[PDB]
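Given next are the chains, with one letter for each unit.
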Amino acid sequence: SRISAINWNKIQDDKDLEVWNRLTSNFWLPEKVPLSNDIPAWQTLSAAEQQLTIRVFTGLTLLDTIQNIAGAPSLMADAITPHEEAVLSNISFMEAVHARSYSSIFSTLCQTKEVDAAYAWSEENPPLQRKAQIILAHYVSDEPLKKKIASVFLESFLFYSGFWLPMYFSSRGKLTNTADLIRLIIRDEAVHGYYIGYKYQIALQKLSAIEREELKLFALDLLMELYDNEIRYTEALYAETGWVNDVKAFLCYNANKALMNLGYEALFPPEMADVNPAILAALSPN
Amino acid sequence: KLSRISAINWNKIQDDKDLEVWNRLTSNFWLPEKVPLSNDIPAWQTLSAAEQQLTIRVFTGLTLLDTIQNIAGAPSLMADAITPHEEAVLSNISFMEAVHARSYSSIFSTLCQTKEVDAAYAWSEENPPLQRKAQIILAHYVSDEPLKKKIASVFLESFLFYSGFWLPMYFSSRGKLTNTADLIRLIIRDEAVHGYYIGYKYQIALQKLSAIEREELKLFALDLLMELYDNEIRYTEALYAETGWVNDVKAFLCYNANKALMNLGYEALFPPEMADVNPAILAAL
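Residues numbered from 1 in each chain as written, not as in the entry; some residues may be left out. Chains lettered and ligands numbered in written order. Heavy atoms only, no water.

What the deposited record gives as its method is X-ray crystallography, and the resolution it gives is 2.25 Å.

Here's what the structure looks like:
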């Protein structure tokens, strides 16, 4: 028995139709955002701030390119309902839109030499290569639940973390339209992690207690590995700024969200995940 | 990073047509919800029990093909992309295939009866022709013959598919089911670009092969087209049996088989005498 025609009037899990409706309904393209209105704001940023922004965004671009190419697609083979497969094909597509959005921003605000140098930086940056390597290794592996754990960490932790910068600038009245575009990405990202995290939880109920325990420990070890590598990434990128400690706190905040999307309890105490209300205000994240 | 996957750069297009198609397909985004299907409810009851059943089975068969294209087709063409932008384009195509398929359940929900719909599904799960065409195309998508996969997908989209759109487009000319006709038009606006683009990439791949290999593929194409053609003929003679339009369809099958070959860069296989179709039908497409 091959493939059967999909019946959307035979939903097997109401969650599938809900996410499908939310994701498709929230469709958008970078051309829909008035990025050109940030050109003046861009001009008020220091040379150091401009480089920082470009490198950060190139980093996010790498992550979504992977999610578009290997991430979302590697989960489609593990879907437990035909409707899930359709939703995953929408997620994969939107990851392409997300990756494409950064080029939109580069075309509108930056100079070619400046952007090309950033792409060269991303090719050699240690922490960025390592994080891409780690996740990608799980995506090509044989263990489905580990692919989902990696995917949620990529979306609810690694990604969100890069959103601090546009959100900070926006709180200062700079790059407000780019910030709007990032909130469009977050609106998708929040649902992606939630959904994939939910499917992970269901798969867990079908396993022995010994097996759930092995995955829980795996989850925490992978998180600490990605977390500490993200701290190093952060300390090098924001070396100047004076914003390193704010970003770190943001990392812990999102790591807790990644964990709960997986069905686990928050791991970082409030004293480590205290995000400036200005960032939270201007945010609208998970 | 390193030599692994690199961040995609849309300001360094490697083939202008990748950007063109990306913009056209994303610009044409749509969902079945955007179509006032309900406005077709009245006209729907003006059809006999035979017509309704026929229609529902045609749409079920089409639903089977898109589901395949969404999960197996488009996705298998991924590994064969020759530019990063093509990969992103194929992911959009794969997504829209899910929208196409989902659209049919919308039509059933808005105009049919549960028992009546589940009837078509059981039918497709055993209809000899349908299961065979699905078996043929799907066998290629699973293999490691990149160019054959492209030939197969072009046949699945520019030939196998359009062959079912005839019916809905007739009602359009007549006056019945006008909103469903708008929907089908949206699916066609996508389908036409899909065959064109993939046929385009197929031709790029051909120039890189030896002269003997191109002839080999060129022959393989005709051998696959005919096998699906006769299997399609058997499919048409059955469903449209009653009605008395089988001839109209047999003539439509040939029309789209020539257009599918053109997407691959080949010459027409059926002379205009066999691939002729009512001007009204064509005027709706």
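**Student:** Got a minute to help me understand the overall build of chain A in this structure?
**Tutor:** Summing up its helical and strand segments, chain A has twelve helices and zero strands in all. Computed over its C-alpha atoms, the radius of gyration of chain A comes to 19 Å, within 12% of the 19 Å expected for a compact globule of 286 residues. When the backbone C-alpha atoms are referred to their principal axes, chain A occupies close to 60 × 40 × 35 Å. Residue pairs in contact within chain A that sit at least 24 positions apart in sequence constitute 81% of those at least 6 positions apart. As presented, chain A carries roughly 11,000 Å² of accessible surface, and 52% of it is formed by carbon and sulfur atoms. With 24 positive and 35 negative side-chain charges, chain A shows a separation of 3 Å between the mean positions of the two kinds. (Helix = DSSP H or I, 4+ residues; strand = E, 2+ residues; numbered from the N terminus. Rg over C-alpha atoms; globule rule 2.2 N^0.38 Å. Contact = heavy atoms within 4.5 Å. Areas by Shrake-Rupley, 256 points an atom, 1.4 Å probe, with all protein chains shown as cover. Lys, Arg positive; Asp, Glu negative; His and termini not counted. Charge placed at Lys NZ, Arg CZ, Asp CG, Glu CD.)

**Student:** Just to check I follow, could you spell out the UniProt feature "active site" in chain B for this structure?
**Tutor:** All names here are of chain B. UniProt records the feature "active site" at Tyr104, using the numbering of this structure. As for its placement among the helices and strands, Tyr104 is situated in helix α4 (residues 84-111). Beyond its immediate chain neighbours, meaning those up to four positions away, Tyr104 contacts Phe59, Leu62, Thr63, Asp66, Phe161, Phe165, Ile184 and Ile187. (UniProt positions renumbered as here; feature names shortened; annotations may be inferred.)

**Student:** Teacher, can you tell me more about the environment of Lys248 of chain A here?
**Tutor:** All names here are of chain A. Inspection of the secondary structure assignment puts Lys248 in helix α11 (residues 244-261). The partly exposed category is assigned to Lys248, whose relative accessible area is 22%. The sequence separation of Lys248 and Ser208 amounts to 40 residues, and the corresponding C-alpha distance is 36 Å. In this view, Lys248 contacts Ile231, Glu235 and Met272; residues no more than four positions away in its chain are not counted. (Buried < 20%, exposed > 50% of the residue type's maximum accessible area, 1.4 Å probe, protein only.)

**Student:** Would you take a moment to explain the side chain of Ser76 of chain B for this structure?
**Tutor:** Residue and element names in this part refer to chain B. By the element assignment, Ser76 lies in helix α3 (residues 49-78). On the basis of relative accessibility, which here comes to 11%, the residue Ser76 falls in the buried class. Leave out the neighbours within four places in its chain, and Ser76 touches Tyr141 and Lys149.

**Student:** Got a minute to help me understand the UniProt feature "active site" in chain A in this structure?
**Tutor:** All names here are of chain A. In the numbering adopted here, UniProt assigns the feature "active site" to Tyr102. Secondary-structure assignment places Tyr102 in helix α4 (residues 82-109). For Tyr102, a relative accessible area of 0% corresponds to the buried category. The contact partners of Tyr102, leaving out residues within four places of it in the chain, are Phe57, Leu60, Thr61, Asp64, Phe163, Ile182 and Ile185.

**Student:** What am I meant to see in the UniProt feature "binding site: Fe cation 2" in chain A here?
**Tutor:** Residues and elements named next belong to chain A. UniProt's entry tags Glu95, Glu155, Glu189 and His192 with the feature "binding site: Fe cation 2", counted in the numbering of this structure. Taking the farthest pair of C-alpha atoms as the criterion, the annotated set spanning 98 residues converges on one region, since that pair is 10.5 Å apart. Here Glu189 is to be found in helix α9 (residues 176-205). Setting aside residues up to four positions removed in sequence, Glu189 forms contacts with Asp64, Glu95, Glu155, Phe159 and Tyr160.

**Student:** Where do I start with the nonpolar core in this structure?
**Tutor:** A general trend in soluble globular proteins is that nonpolar side chains are found buried together. Counting residues in hydrophobic clusters, the biggest one holds 207 residues, and the most contacted among them are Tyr238 of chain A together with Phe155 of chain B. Here the element with the most residues in this core is helix α7 (residues 146-174) of chain B; it accounts for 15 residues. Leaving out residues up to four positions away in the same chain, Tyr238 of chain A has contacts with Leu52, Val56, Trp164, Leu165, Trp243, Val244 and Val247 of chain A. (Core = buried A, V, L, I, M, F, W, Y, C linked by side-chain atoms within 4.5 Å.)

**Student:** I'm lost on the interface of chain B and chain A in this one. Help?
**Tutor:** Put simply, an interface is often sized by how much accessible area is lost when its parts join up. Each side of the interface is counted separately: chain B has 45 residues, and chain A has 49 residues. Summed over both sides, the interface between chain B and chain A buries roughly 4,100 Å², with carbon and sulfur atoms accounting for 62% of that surface. Together, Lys1, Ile5 and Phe95 of chain B form the three largest contributors to the area buried by chain B at its contact with chain A, with a combined 18%. At the boundary of chain B with chain A, the tally comes to two salt bridges. Its salt-bridge partner being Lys12 of chain B, residue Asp116 of chain A comes within 3.0 Å of it at the nearest N-O pair. The interface formed by chain B and chain A includes 17 residue pairs in polar contact. (Buried area = accessible area lost by both parts, 1.4 Å probe. Salt bridge = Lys/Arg side-chain N within 4 Å of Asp/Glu carboxyl O. Polar contact = N/O pair within 3.5 Å; in protein donor to acceptor, adjacent residues only side chain to side chain.)

**Student:** I would appreciate a short explanation of the UniProt feature "binding site: Fe cation 2" in chain B in the present structure.
**Tutor:** Residue and element names in this part refer to chain B. UniProt records the feature "binding site: Fe cation 2" for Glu97, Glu157, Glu191 and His194 in the present numbering. Among residues more than four places away in sequence, those in contact with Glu157 are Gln69, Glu97, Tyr162, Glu191, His194, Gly195 and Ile198. Among the secondary structure elements, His194 is positioned in helix α8 (residues 178-207). In this view, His194 contacts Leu25, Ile93, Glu97, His100 and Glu157; residues no more than four positions away in its chain are not counted. In terms of polar contacts, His194 uses its side chain to reach the side chain of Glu97, at 3.2 Å.

**Student:** Sorry, what's going on with the pattern of salt bridges here?
**Tutor:** Any two side chains of opposite charge can pair, so long as their charged atoms come close to each other. Applying the stated criterion to the full structure yields 22 salt bridges over all chains. With its nearest N and O atoms 3.1 Å apart, the salt bridge here joins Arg130 of chain A to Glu225 of chain A. Separated by 95 residues along the polypeptide, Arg130 of chain A in helix α6 (residues 126-140) and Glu225 of chain A in helix α10 (residues 209-237) bring together distant segments of the chain. With relative accessibility at 32%, the residue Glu225 of chain A sits in the partly exposed group. Among the salt bridges present, the one from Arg132 of chain B reaches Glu227 of chain B, with a minimum N-O distance of 3.0 Å.

**Student:** Would you mind showing me how to read the packing of aromatic side chains here?
**Tutor:** Counted according to the given criterion, the structure contains 35 aromatic pairs over all chains. Relative to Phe29 of chain B, the ring of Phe27 of chain A has its centre 3.8 Å away and its plane inclined at 25 degrees; by these criteria the two rings are stacked. Of the two residues, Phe27 of chain A is situated in the loop between α1 (14-25) and α2 (39-43) and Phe29 of chain B in the loop between α1 (16-27) and α2 (41-44); the pairing between them involves two chains. For the ring pair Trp166 of chain B and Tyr170 of chain B, a centre distance of 6.1 Å and an interplane angle of 10 degrees mean the geometry is stacked. Remark: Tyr170 of chain B and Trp166 of chain B occur in helix α7; sequence separation between them is four residues, near one turn of the helix. Following the ring pairs from residue to residue traces out a cluster consisting of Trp8, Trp20, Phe27 and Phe93 of chain A together with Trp10, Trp22, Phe29 and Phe95 of chain B. The ring of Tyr233 of chain A carries the charged tip of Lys131 of chain A above its face, separated from the ring centre by 3.6 Å. (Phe/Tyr/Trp six-rings, centres within 6.5 Å; stacked < 30°, edge-to-face > 60°. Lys NZ or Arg CZ within 6 Å of the ring centre and 35° of its normal.)

**Student:** Before we go on, may I ask you to explain a nonpolar patch on the surface in this structure?
**Tutor:** Residues and elements named next belong to chain A. There is a patch of nonpolar side chains on the surface, built from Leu220, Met224 and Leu267 and spanning about 220 Å² of accessible area. By the element assignment, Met224 lies in helix α10. Owing to a relative accessible area of 37%, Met224 belongs among the partly exposed residues under this scheme. (Patch = residues over 30% accessible without salt bridge, like charges linked within 9 Å, V, L, I, M, F, W, Y side chains within 5 Å.)

**Student:** Even after reading the chapter, I still don't get a negative patch on the surface, so can you show me in this structure?
**Tutor:** Together, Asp144, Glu145, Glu213 and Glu216 of chain B make up a region of like negative charge exposed at the surface. Accessibility expressed as a relative area gives 41% for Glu145 of chain B, which makes it partly exposed.

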